[PDB]
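Q: My questions will all concern the structure given below.
Number of protein chains: 8
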Amino acid sequence: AXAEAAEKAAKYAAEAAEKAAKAXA
Amino acid sequence: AXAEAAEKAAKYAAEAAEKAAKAXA
Amino acid sequence: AXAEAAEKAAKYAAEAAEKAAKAXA
Amino acid sequence: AXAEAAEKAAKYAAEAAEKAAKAXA
Amino acid sequence: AXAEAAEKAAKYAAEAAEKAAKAXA
Amino acid sequence: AXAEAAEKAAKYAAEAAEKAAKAXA
Amino acid sequence: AXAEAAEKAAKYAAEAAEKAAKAXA
Amino acid sequence: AXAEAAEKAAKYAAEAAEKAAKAXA
Ligand SMILES: CCCCCCCCCCO[C@@H]1O[C@H](CO)[C@@H](O[C@H]2O[C@H](CO)[C@@H](O)[C@H](O)[C@H]2O)[C@H](O)[C@H]1O
Numbered sequence: 001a002x003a004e005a006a007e008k009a010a011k012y013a014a015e016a017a018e019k020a021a022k023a024x025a
Numbered sequence: 001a002x003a004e005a006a007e008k009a010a011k012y013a014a015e016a017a018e019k020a021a022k023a024x025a
Numbered sequence: 001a002x003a004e005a006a007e008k009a010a011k012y013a014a015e016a017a018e019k020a021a022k023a024x025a
Numbered sequence: 001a002x003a004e005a006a007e008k009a010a011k012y013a014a015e016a017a018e019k020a021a022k023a024x025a
Numbered sequence: 001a002x003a004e005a006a007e008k009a010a011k012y013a014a015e016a017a018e019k020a021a022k023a024x025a
Numbered sequence: 001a002x003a004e005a006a007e008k009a010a011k012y013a014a015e016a017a018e019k020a021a022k023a024x025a
Numbered sequence: 001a002x003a004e005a006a007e008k009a010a011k012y013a014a015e016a017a018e019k020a021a022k023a024x025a
Numbered sequence: 001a002x003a004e005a006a007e008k009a010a011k012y013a014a015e016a017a018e019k020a021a022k023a024x025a
């Protein structure tokens, strides 16, 4: 359960980071 | 570069949590 | 779109924290 | 107090994101 | 249980950060 | 510098986790 | 101690934003 | 505009955290 929660959080941060990276592209 | 590094770290964290989730199963 | 995802992320976080808070109450 | 602070912080963030989502309409 | 897995994860992350600090220098 | 700051946050988390872990010990 | 750590995180955020603000100036 | 607003908000947050840190001691 906690692993799942951590994965969801990391996935959100990764998508956020990706949109920032694309904005700077 | 900052956003890219954060995206990479977050994707590694997500993979690591997924692996833990699959192991805990 | 960014704002909407951030709000969803935060709601999920609040729900997790609330659960923790309730366990400690 | 830790969990309660975390809950308050998450709820604050959710409120701010929601206000932002509404403004961006 | 939860705290021990969280301490272990946090230590791994700190080591990864430290490695990156040394590589970047 | 970012890696250094990441490291401090990670160390902070690990010590908070250890304090909880010791109370559960 | 938690408030002191939160202050440090907020200061880091402020410096990061200031960096961006200056480059955008 | 965005970076300036983020800087302002982070500074507000830091002052709040500092005030709390001083109240607690
Ligand atoms: C990878 C992300 C990590 C998540 C957060 C981890 C942060 C770890 C501690 C950072 O250290 C802080 O760095 C700030 C910025 O370098 C400094 O503020 C500096 O800049 C502020 C912003 O104006 C001023 O208010 C301060 O006086 C000035 O010291 C502050 O003193 C220092 O303690």
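Residue numbers (the authors' numbering), protein chains in the order written: chain D, 1 to 25; chain C, 1 to 25; chain E, 1 to 25; chain F, 1 to 25; chain B, 1 to 25; chain A, 1 to 25; chain H, 1 to 25; chain G, 1 to 25. Think of the CB as a built atom: it goes at the ideal place given N, C-alpha and C, for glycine as much as any other residue.
(1) Report yes if the CB atom of residue 11 (chain C) is closer than 8 Å to the CB atom of residue 14 (chain D), and no otherwise.
(2) Look at residue 21 (chain E) and residue 4 (chain F) and say whether their C-beta atoms are less than 8 Å apart.
(3) Using the rule of at least 16 other Cβ atoms within 10 Å of the residue's Cβ for burial, across every protein chain shown, is residue 25 (chain C) buried or exposed?
(4) Any residues whose CB sits closer than 7 Å to a heavy atom of ligand 1? List them in chain order?
(5) DSSP three-state call for residue 1 (chain B): helix, strand or coil?
(6) Nearest chain H C-beta to residue 17 (chain A) closer than 8 Å, yes or no?
(7) Rounding to the nearest angstrom, what Cα-Cα distance links residue 8 (chain D) and residue 18 (chain H) in this structure?
(8) Reducing DSSP to helix, strand and coil, say where residue 25 (chain D) ends up.
A: Concretely, from the data shown:
(1) For this step, residue 11 (chain C) is matched to residue 11 along the second sequence. For this step, residue 14 (chain D) is matched to residue 14 along the first sequence. Against a cut-off of 8 Å, the Cβ pair of residue 14 (chain D) and residue 11 (chain C) comes out as a contact.
(2) Counting from 1 along the third sequence, the entry for residue 21 (chain E) is found at position 21. Counting from 1 along the fourth sequence, the entry for residue 4 (chain F) is found at position 4. Their beta carbons are under 8 Å apart, which means residue 21 (chain E) touches residue 4 (chain F) by this criterion.
(3) Reading the second sequence from its first residue, position 25 is the one you call residue 25 (chain C). Exposed, by the Cβ-count rule.
(4) A:2, A:5, A:6, A:8, A:9, H:8, H:9, H:11, H:12, H:14, H:15, H:18, G:11 and G:14
(5) Along the fifth sequence, read from residue 1 onward, the residue named residue 1 (chain B) stands at position 1. It is coil, neither helix nor strand.
(6) The residue labelled residue 17 (chain A) in the question sits at position 17 within the sixth sequence. Closer than 8 Å: no.
(7) Within the first sequence, residue 8 (chain D) is the residue found at index 8, counting from 1. Within the seventh sequence, residue 18 (chain H) is the residue found at index 18, counting from 1. If I take the Cα positions, the gap works out to 30 Å.
(8) Here the question's residue 25 (chain D) lines up with position 25 in the first sequence. Of the three classes helix, strand and coil, the one that applies to residue 25 (chain D) here is coil, per DSSP.
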